[PDB]
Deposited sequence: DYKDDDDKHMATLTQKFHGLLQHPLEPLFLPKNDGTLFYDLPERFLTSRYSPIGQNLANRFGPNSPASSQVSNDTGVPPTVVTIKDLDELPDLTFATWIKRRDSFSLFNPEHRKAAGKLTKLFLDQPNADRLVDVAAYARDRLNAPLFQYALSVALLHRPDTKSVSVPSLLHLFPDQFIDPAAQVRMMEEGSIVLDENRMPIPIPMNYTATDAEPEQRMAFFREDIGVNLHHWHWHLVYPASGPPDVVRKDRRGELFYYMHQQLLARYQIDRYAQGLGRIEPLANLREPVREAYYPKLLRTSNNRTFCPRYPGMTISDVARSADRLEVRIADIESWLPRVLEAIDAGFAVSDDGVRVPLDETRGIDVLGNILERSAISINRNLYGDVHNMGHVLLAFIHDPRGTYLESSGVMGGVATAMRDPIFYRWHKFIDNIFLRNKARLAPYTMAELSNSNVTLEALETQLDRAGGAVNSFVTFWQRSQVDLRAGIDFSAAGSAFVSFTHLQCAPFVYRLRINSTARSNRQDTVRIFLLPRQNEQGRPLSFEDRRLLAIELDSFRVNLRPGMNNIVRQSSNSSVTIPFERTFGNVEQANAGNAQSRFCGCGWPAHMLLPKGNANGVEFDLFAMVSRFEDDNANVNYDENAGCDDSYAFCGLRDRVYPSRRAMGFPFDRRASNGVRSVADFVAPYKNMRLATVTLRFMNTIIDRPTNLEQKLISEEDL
């Protein structure tokens, strides 16, 4: 298969191609000059010891597959990426690193066919920075028409050192070296891993340091990058999706802070004040053994000038870019670099602001509005060595797949979020036309645990212990499995029971929108309505064919358009499938006393909802629309993401009851979320 030929490249990054891939089953016949300077002199010896005919290759079929690599008519220019050494640290928040990624990605997309891509990718692999190569090749495989159905491995199986406690990984080296795969045991990773309960922020470790959550963040930015070739970047409403996905992250994050006795997120607005929160990642780059350096308590952010990284940005740069962005928001319009005024007070205004604020390549004015969000990561990621004097690499905030582990990630994004919200606050409240559905009434809203005698309007969360083989990302290891054991949040399966009456004569492809709204803060005091609204988290959105008369609709929690199955996250199928909220993180954790939520359901009108896209949510990879949208297609809800809660409500509205009182297509259900402090195996 074509997937087979690429698979060998997309694994064991620092293990060269002349070494057998896929547990000594997949081999590569390389032109001599494909081997790098070091290994070329012993090329024949390498073939004898690690070839398809080697004395090690004899007993593997107790098969084998050989991939033939054609020589290139001319060797491609890789000078653009050569300044980044094969084992150097790599940061996607480094503009010069993104630039190197873009050109390599472009080089891959520009190949005449898929088979010549294999050749060029095979040549570049061992001559190139592993994170850089793996990223570009991944992006190219997701966008080339002739590789549409090529399965690509998750980052978990490429660079496990960005997700796993290195203490666990090194303990695994002993288990593999000594014990046969037949007898091996998973090395367990603890919950108290970056801090003890003495640190209040550790309460959110189930969220921040969740492997699934970080994989989602990485995959989202993979699908929707800020740079690269134009067609790779330009995707439907990526600017708006940038705001929304992170807005929902913060909302879910905040809700559980309230549930764990933690207060409201303090926005990181003052970059010259000391950074209160500390964080010690412990994560370690296997390639150079350079850590994701920790941030000690109360450090002050410095101007970053790191010539070795070709990286440079001052605090004042952000302090100069932000008033211009705020003024544009307050003026109701932005100005492109050609001087055409672009309105912001629209439904699509949040999307222009998204590309401006991140920023992305399709921003309408790079110079005026700068690069606020991205450079904020840079300043924080190199706070421990801003000038490169001490030869350290980025902290977790300088890694897309690791940034969510740092408490400061949510403080910084809350600042970014409040900028988007400054724009959303200007929008007029949704009208009678937009909110009502006069032929459709929602008569019954319910949740029931998917079992016999299942409790009604009752959510239950607990600890699940799962296993995963990290075999593919561990270089120069033993053979066989490299299982690890980790513990994470998990909720009990349930269904939505909706009874919907339609007095219309014909069928309506209406959309059902389900949200969860919190009631109290950490004090146990009720939140203002606006606070409840801003903390509304999407649980599900789906179309239903309401026949006239009575409809009884039952919706499986497992079919959430927000989440993806465990196997989509941790398994070994493009990387779009890797994008999506982890299923086991569908509901907030809550506590053992019980947290009461307002379950909200709405039946909106297909007339306002459709953008003419056809997808089967139970087919392919189209079941993670909420955060990821659809692959190579437009976002199937014409409504603003977050509808109907992305806008401020009318005057005199003070409850979720008030908000839904005038509309019979809406209904609330009081649901209780309770956490059970026990570990259940998968």
- Task: Counting from 1 along the deposited sequence, give me every gap where there's no C-alpha, start to finish.
- Result: 1-11, 74-77, 588-596, 707-720
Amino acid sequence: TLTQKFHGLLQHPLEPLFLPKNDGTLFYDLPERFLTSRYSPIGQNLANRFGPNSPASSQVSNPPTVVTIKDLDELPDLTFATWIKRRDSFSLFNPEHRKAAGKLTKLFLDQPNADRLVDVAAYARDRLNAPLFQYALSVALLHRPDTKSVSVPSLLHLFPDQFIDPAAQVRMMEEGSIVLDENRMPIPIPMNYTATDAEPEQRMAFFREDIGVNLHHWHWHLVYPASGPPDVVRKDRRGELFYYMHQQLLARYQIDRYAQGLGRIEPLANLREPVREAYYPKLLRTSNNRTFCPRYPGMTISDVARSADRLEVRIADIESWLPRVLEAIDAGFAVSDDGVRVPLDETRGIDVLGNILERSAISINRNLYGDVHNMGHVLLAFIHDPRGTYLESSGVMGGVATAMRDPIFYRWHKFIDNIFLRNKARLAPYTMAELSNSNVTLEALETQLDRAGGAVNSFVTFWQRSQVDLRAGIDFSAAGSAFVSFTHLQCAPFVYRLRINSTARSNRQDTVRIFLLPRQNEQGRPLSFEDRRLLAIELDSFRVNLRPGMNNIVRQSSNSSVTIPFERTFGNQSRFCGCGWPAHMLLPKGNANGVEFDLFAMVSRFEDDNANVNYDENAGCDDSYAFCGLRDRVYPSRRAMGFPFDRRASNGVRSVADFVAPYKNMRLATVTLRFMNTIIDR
From here on, numbers count along this sequence of modelled residues.
- Assert higher mean C-alpha B factor (619-627 or 35-43, deposited values) equals 619-627
- Mean C-alpha B-factor higher for 233-241, or for 433-441? 433-441
- Message: If I read the C-alpha B-factors straight from the PDB entry, which of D309, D303, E596, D469 is highest?
- Response: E596
- Which of these, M299, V544, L586, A479, has its C-alpha atom at the highest B-factor, as the entry lists it? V544
- Which third, lowest, middle or highest, does the CA B-factor of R505 fall in along this chain? highest
- Item | CA B-factor placement of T563, once the chain's modelled residues are sorted into thirds | lowest
- Query: Of the three thirds of its chain by CA temperature factor, lowest, middle or highest, which one includes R667?
  - Reply: middle
- Note on the structure: Here the Cα B-factor of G578, set against its chain, lands in the third termed highest
- Message: By the recorded C-alpha temperature factor, relative to the other modelled residues in its chain, which third is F606 in?
- Response: highest
